[PDB]
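Below is one structure; the comments refer to it alone.
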Amino acid sequence: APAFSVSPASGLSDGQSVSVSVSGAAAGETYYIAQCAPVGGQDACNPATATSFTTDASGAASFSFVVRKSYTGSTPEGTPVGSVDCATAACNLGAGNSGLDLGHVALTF
């Protein structure tokens, strides 16, 4: 029901900044966002860009995000699992919180 966009999402370069837009989410709440690749059942996300944002009264938010073609990645609890290469691993930018998962948008470099 909420909307979640990430653009551009293809033809990407390491360190490129993309735009993130959320709408129709829970009003006035905190959500989390990160670039991750699925490995072994858990998501290995970039800990240097993993972050949070708040929504306005309409459940919307927008901000910029830096994507990495490859990076040293960690699981949700902070455990390092080594490095991920998005030229081969299926990386996506995903957002959400305990009450609602806003979705996944696949990234291509």
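Every residue number used here counts from 1 along the chain in the order it is shown.
In case you wondered, yes, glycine gets a Cβ from its N, Cα and C as well.
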Member of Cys45, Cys91 annotated by Swiss-Prot as disulfide partner of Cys86: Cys91
For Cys36 (disulfide bond): intrachain residues, at least 6 apart, with Cβ closer than 8 Å: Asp43, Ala44, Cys45, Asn46, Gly73, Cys91, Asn92, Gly94
Per-residue Cβ crowding (10 Å cut-off), top of disulfide-bonded residues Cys45, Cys86, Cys91: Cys91
DSSP-derived class (H/G/I helix, E/B strand, else coil) of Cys36 (disulfide bond): strand
